[PDB]
Amino acid sequence: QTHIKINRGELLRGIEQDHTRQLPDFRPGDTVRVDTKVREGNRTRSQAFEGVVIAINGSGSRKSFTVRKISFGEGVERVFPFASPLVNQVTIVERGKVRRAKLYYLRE
Amino acid sequence: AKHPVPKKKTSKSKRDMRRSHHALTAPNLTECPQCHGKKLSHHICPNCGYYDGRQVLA
Amino acid sequence: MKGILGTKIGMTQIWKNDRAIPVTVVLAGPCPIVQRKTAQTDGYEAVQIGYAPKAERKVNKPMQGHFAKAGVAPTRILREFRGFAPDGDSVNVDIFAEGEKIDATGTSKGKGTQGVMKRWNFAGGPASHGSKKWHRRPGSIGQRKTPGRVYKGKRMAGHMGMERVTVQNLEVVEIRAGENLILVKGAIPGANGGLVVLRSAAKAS
Amino acid sequence: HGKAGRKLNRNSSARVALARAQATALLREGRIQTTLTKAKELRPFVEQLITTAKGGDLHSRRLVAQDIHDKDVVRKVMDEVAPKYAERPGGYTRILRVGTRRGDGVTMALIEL
Amino acid sequence: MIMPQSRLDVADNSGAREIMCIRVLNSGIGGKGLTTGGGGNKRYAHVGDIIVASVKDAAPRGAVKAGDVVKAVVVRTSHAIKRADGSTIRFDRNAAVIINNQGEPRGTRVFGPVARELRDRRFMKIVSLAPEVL
RNA sequence: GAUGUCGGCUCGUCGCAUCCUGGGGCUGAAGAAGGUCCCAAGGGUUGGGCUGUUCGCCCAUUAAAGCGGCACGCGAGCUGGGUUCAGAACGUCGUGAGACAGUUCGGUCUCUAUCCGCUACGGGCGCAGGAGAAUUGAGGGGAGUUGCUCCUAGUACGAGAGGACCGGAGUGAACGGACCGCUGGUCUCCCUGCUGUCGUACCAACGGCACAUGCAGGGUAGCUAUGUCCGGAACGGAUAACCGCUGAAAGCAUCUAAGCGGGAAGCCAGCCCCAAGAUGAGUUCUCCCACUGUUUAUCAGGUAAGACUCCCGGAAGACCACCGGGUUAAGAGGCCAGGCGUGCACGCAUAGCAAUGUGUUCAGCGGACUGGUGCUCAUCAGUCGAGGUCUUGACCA
RNA sequence: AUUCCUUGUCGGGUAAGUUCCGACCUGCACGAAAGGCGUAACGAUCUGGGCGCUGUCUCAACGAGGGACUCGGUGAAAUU
RNA sequence: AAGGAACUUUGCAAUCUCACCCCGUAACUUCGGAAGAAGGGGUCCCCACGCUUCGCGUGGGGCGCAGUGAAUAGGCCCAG
Ligand SMILES: [Mg+2]
Ligand SMILES: [Mg+2]
Ligand SMILES: [Mg+2]
Ligand SMILES: [Mg+2]
Ligand SMILES: [Mg+2]
Ligand SMILES: [Mg+2]
Ligand SMILES: [Mg+2]
Ligand SMILES: [Mg+2]
Ligand SMILES: [Mg+2]
Ligand SMILES: [Mg+2]
């Protein structure tokens, strides 16, 4: 509509790297996201969801990863924004051998 | 049977009232730079078969 | 009043403190002032601002002149703003300010000809227990011999979209002057690359 | 809306059959005449194909073997016509439109190498 | 989300194994006991929302019983709750906690993790029997 | 020589004798909760179970869960359960053929809109020169719901129990607009995996067909909700009921006959959208300019500014239309780079009797995404398009 | 499938049941070859219920193909 | 997606099941059946070993989300 000469592509980068964070590698295989649960009253907790990564959707500010796990009898899937301020640090636990970017089938 | 159907015959006039839009615009023929017959803008001159050089065969 | 022109560039993620926030990046590109209008000259008070630049080899002899009357430089887009002023040119710097609520208006994406389910919501019907009216199709247009006709406005399939939309009180998250970039909370209407007009809130609490 | 990016008029298996089919012709005769549109759809597909052929190794060959089910033709594209376009940034194949037709009134066209 | 006819699992020794939804109240825990409805609509129960329910299965021996009509608080939706950091959670099955007009678990303890959401919801005691609060 | 019938579904819209919200008077109105009458139709008025039902009874909620009208609104809109065809059955009546206050199971509901009306979209002409672009707003539409909690205040009030007005804060529901960053959904050939068969001589590698994707797994752009973001406002003007100041006719009393003021979710304005065919056809800025044609072809003909035609495209679209480019070029394609998706290629090597594993290989492949680049095509060229009526008035030297 | 008053009454099941099941009986107008009552197996039979799955539904959404649209060829109809 | 008959006259329609081995299988019954009741498991490739051969059994190995791996291909039950 406005036909200015412009790389819409980058303008975005430049307003996205100021909110983008790298993390260990991993691809699947166990992980342990030690995240801080700052929400209890004023008190700032510290939880540690851990287990099988099942997807690495997106990139840039939006990049994230999904981790499946079975807490106390009932399966749980958490989804993390690589730059979610709610995350202190991620760590591989044990590289896995699979053959497809997803794993969904693992929900069973 | 034929559910909708028209209530009266339409005025020879009314017939026309609409047809006031079926007049074909005619080609804007142009003249070749090379055999000079008239060509159709942006296509190969049917007659000599050109488009700067001779594309189609004579 | 206060206001500017810009292009919608896209949406993305941004955190503020610990609250993830969808934002829409507008390029309120700088804006030349090509024509001031006073009630004493044009019947009212307003301002003519400009936008996407345009190659002079593409500028009408007439437009050239208009533009010359205020040595500016063919823009290609002009728009007026009311009760506005400023000298020089209009840029968001010192115009909008992080925190302000604004009314980003632009032109809705264009959905062509749409039925009623998708344009007025309707509800169509039965998709199994008998039909030919499956899902969409509006039901009945009215009543009988009385108001033996339909009402001026019944909702039916029309060209949906391609409209002027305004959205109100959207937080102005970050302003990156000198990049005439501006991230706005929430979403603005109109497809990426389209014109968008950000203004002070027309009506804010 | 419908803000996608492609073209059909037949199904999924068909558009394929066509592209491949005309793809072959053009490559086998450097210039075929066809419906203006059937051309435009073809243009890129054949071009992409040449850029593949344009690598030499068995691989690039066998990729081309997937859209050229005529050995003779593939060999041509592979060793005769691909090698030649070596120096140009891919992008060779031009369309030339012709007269309108009688039978259907459809404006025919030229797609040449 | 949860809605009428939507069977949940009970995350408590309340005695009722499985309950079918009957209505989604607009979960009013506050003030004195549980505040009253916030609208007569609201169609989906989301973790931390209170529903009304009809016990479709209770175990032999237990406060609650089959055919009882109770109030429960949704603690595990297989939907997806989305926190302010921007993370996302979703449990394999939907489960609730039968409760009383004070919003206290009719049971002597909760079972399975529970939505941290319940915490902002001020449903403190529940949280308190929660083996976890992911 | 035919005005289709009950109910429902859909789509509505109107009256008020208002169900809920809003303003009030009186109360046997302590407060809180009510009753009642008056003003008031802006908006709103849940989901289930039983029944063909309308009704109604009940479950669970709600501010509320209003009553009616529109051919008991709406079948050239749908259903077709109910009932006014043919089959069959029971009870009952009839000697019968048959019948019915009845009950029961079964039983074809007709692609093609002329006119008006309606929603969208163009063409023409007009709007006293010919054009490019920016607007005023006459008028018209959309919207117009409500809870809960907190503060004030555990105050006023009340023996107490219980427990506010007013004002001020938050946070939901449903609805609607926009949107696709997110979370998801799809993505009909973008990647991979798998079977059977036929083929490319064979092996190996591939293709077809097994839907109109053979099936499976996944998935960019796009489009999309159960996903996001925002909104229903404030203030204002005039009012309803109602309440009041000054105040005679009735040296008193009186909201009244002079006069004046306060006062509702309602009226008008304000908010978003449309809008000069507002033929009363408006305003502003800019551009092109005053040509040619002997009472034989009386008017059209070159042309300016400008635009169309055509080509290549589009977050625009049924068509038209709208936007962008069209070599003084980055418009689209291709091509290069990157991105993202698939998840490790062909080949060779090595391990293994083999199936396979491993290595070269974070390979290989590649729709729709970001840039770059003159490789392809946007060639050439045609068509159209002003010289501005008259009257009065005002100004110029 | 013979009941009008009638959604009879109680029980069953459901959160809630004008229907269904079981009893009762006051059988409007059951009943013994116009057969009475019962019965395993058989039913594109009719009724009520449950498990399972599901776009039937909350609500729709994306995708495909054939029409619908547009150009060239041919070119009806009922109605009036 | 989530939910799962809330649809609605009626789950109408459309899913699910869906082949062949094996384990297993109720009330009731004229003992025949009800029964494919219900339910559960297996199913491809390679190698060795034996079998009656096509084929199959035992054991070990292998690959994928998945092996009647694509087409043909019962949804089941309770009561009336
Ligand atoms: Mg995803
Ligand atoms: Mg629907
Ligand atoms: Mg009141
Ligand atoms: Mg009608
Ligand atoms: Mg997506
Ligand atoms: Mg698929
Ligand atoms: Mg006032
Ligand atoms: Mg087009
Ligand atoms: Mg142009
Ligand atoms: Mg019986």
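- The record names X-ray crystallography as the way this model was obtained, at a resolution of 3.30 Å.

**Some remarks on the overall build of chain D**
Okay, step 1: The helix and strand tally for chain D stands at four helices and three strands.
Okay, step 2: Starting at the N terminus, the α and β elements of chain D follow one another as α-β-α-α-α-β-β.
Okay, step 3: Relative to a compact globule of 113 residues, whose C-alpha radius of gyration would be 13 Å, chain D shows 15 Å and is just as compact.
Okay, step 4: In terms of overall dimensions, chain D has a C-alpha envelope of 45 × 30 × 25 Å along the principal axes.
Okay, step 5: Across the 113 residues of chain D, 35% fall into the buried class.
Okay, step 6: A sequence separation of at least 24 residues applies to 51% of the contacts in chain D between residues at least 6 apart.
Okay, step 7: As presented, chain D carries roughly 6900 Å² of accessible surface, and 48% of it is formed by carbon and sulfur atoms.
Okay, step 8: Across chain D, the mean location of the 23 positive side-chain charges is 7 Å away from that of the 12 negative side-chain charges.

**Remarks on the protein's contact with RNA strand F**
Okay, step 1: For RNA strand F, the set of nearby residues contains 157 residues, the closest of which are A:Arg99, C:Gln48, D:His1, E:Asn41 and E:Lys82.
Okay, step 2: Protein-proximal atoms of RNA strand F, defined as those within 4 Å of the protein, fall in sugar or phosphate at a share of 79%.
Okay, step 3: Between RNA strand F and C:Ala157, the relevant distance is 3.4 Å, taken from a sugar or linking oxygen to a main-chain nitrogen or oxygen of the residue.
Okay, step 4: D:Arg20 is positioned such that a nitrogen or oxygen atom in its side chain is 2.8 Å from a sugar or linking oxygen of RNA strand F.

**Some details on the interface of chain A and chain E**
Frequently, the measure chosen for interface size is the accessible area removed from exposure when the parts meet.
Okay, step 1: Contact with chain A, which involves 21 residues of that partner, is made by 22 residues of chain E.
Okay, step 2: Overall, the association of chain A and chain E removes approximately 2000 Å² of surface from exposure, summing both partners, and the carbon and sulfur fraction of that is 43%.
Okay, step 3: Summed over the shared surface of chain A and chain E, the result is five salt bridges.
Okay, step 4: Put simply, A:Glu77 and E:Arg90 hold a salt bridge, and the shortest N to O gap is 2.4 Å.
Okay, step 5: The interface formed by chain A and chain E includes nine residue pairs in polar contact.
Okay, step 6: For the side of chain A that touches chain E, the secondary-structure elements that each account for two or more residues are β2 (47–50), β4 (64–71) and β5 (74–81) of chain A.
Okay, step 7: Ranked by residues supplied to the side of chain A that touches chain E, first place goes to β5(A) with eight residues.

**Topic: the pairing of strand β3 (residues 50–58) of chain E**
Residues and elements named next belong to chain E.
Okay, step 1: Counting buried positions along β3 yields seven of nine residues, so the element is predominantly enclosed.
Okay, step 2: Sheet analysis places strand β2 (residues 16–24) next to β3, joined by seven bridges and oriented antiparallel. When the bridges of β3 are listed, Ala 16 appears paired with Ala 58.
Okay, step 3: Looking at chain direction, β3 and strand β4 (residues 69–76) are connected through five bridges and run antiparallel. Bridge pairing in β4 places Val 52 opposite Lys 71.

**Points about the sheet that holds strand β17 (residues 195–199) of chain C**
Residues and elements named next belong to chain C.
Okay, step 1: Pairing is antiparallel in the open sheet, where seven strands are placed in the order β13-β10-β17-β1-β4-β16-β15. Each end of this open sheet is capped by a strand with a single partner; those strands are β13 (164–166) and β15 (174–176). Averaged over all pairs of adjacent strands, the angle between their axes in this sheet comes to 30°, without regard to strand direction.
Okay, step 2: One ladder, built from five bridges, connects strand β1 (residues 3–12) with strand β4 (residues 23–27); its direction is antiparallel. The partner of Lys 8 across the bridge, within β4, is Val 26.

**Quick notes on the state of the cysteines**
Residues and elements named next belong to chain B.
Okay, step 1: Tallied over the full model, the rule gives one disulfide over all chains.
Okay, step 2: What pairs with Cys 35 in a disulfide is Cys 48, and their sulfur atoms sit 2.2 Å apart. Of this pair, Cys 35 sits in the loop between β1 (29–31) and β2 (38–40) while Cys 48 sits in the segment after β2, placing them 13 residues apart in sequence.
Okay, step 3: Looking at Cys 48, the relative accessible area reads 10%, which means it is buried.

**Quick look at the nonpolar core**
Okay, step 1: By size, the foremost hydrophobic cluster in this structure holds 40 residues, and its most contacted members are C:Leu5, C:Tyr51, C:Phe96, C:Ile182 and C:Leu198.
Okay, step 2: If sequence neighbours within four positions are ignored, C:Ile182 has contacts with C:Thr24, C:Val25, C:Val26, C:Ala28, C:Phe96, C:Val172, C:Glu174 and C:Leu198.
Okay, step 3: By size, the runner-up hydrophobic cluster in this structure holds 38 residues, among which are E:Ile50, E:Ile99, E:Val110 and E:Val127.

**Details of the pattern of salt bridges**
Okay, step 1: If you walk through the whole model with that rule in mind, you get 31 salt bridges over all chains.
Okay, step 2: Between D:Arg20 and D:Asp67 there is a salt bridge, and its shortest N-O distance comes to 3.4 Å. With D:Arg20 in helix α1 (residues 12–29) and D:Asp67 in the loop between α3 (58–64) and α4 (71–84), this pair connects stretches of sequence that are 47 residues apart.
Okay, step 3: Counted as one network, the salt bridges with shared partners bring together A:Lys37, A:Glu40, A:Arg45, E:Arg116 and E:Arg119.

**What about the arrangement of the chains?**
Okay, step 1: For chain A and chain B, which are not in contact, the least C-alpha distance works out to 28 Å.
Okay, step 2: The two partners chain B and chain C share no contact, and the minimum distance between any of their C-alpha atoms is 16 Å.

Thresholds, definitions, all that
- Residues numbered from 1 in each chain as written, not as in the entry; some residues may be left out.
- Chains lettered and ligands numbered in written order.
- Part of a larger assembly, values for the part shown.
- Heavy atoms only, no water.
- Helix = DSSP H or I, 4+ residues; strand = E, 2+ residues; numbered from the N terminus.
- Rg over C-alpha atoms; globule rule 2.2 N^0.38 Å.
- Buried < 20%, exposed > 50% of the residue type's maximum accessible area, 1.4 Å probe, protein only.
- Contact = heavy atoms within 4.5 Å.
- Areas by Shrake-Rupley, 256 points an atom, 1.4 Å probe, with all protein chains shown as cover.
- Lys, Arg positive; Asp, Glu negative; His and termini not counted.
- Charge placed at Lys NZ, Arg CZ, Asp CG, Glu CD.
- Near = heavy atom within 4 Å.
- Polar contact = N/O pair within 3.5 Å; in protein donor to acceptor, adjacent residues only side chain to side chain.
- Buried area = accessible area lost by both parts, 1.4 Å probe.
- Salt bridge = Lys/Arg side-chain N within 4 Å of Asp/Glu carboxyl O.
- Pairing = 2+ DSSP bridges.
- Axes fitted to C-alpha atoms, helices over the stretch in contact; angles between N-to-C directions.
- Disulfide = S-S within 2.5 Å.
- Core = buried A, V, L, I, M, F, W, Y, C linked by side-chain atoms within 4.5 Å.

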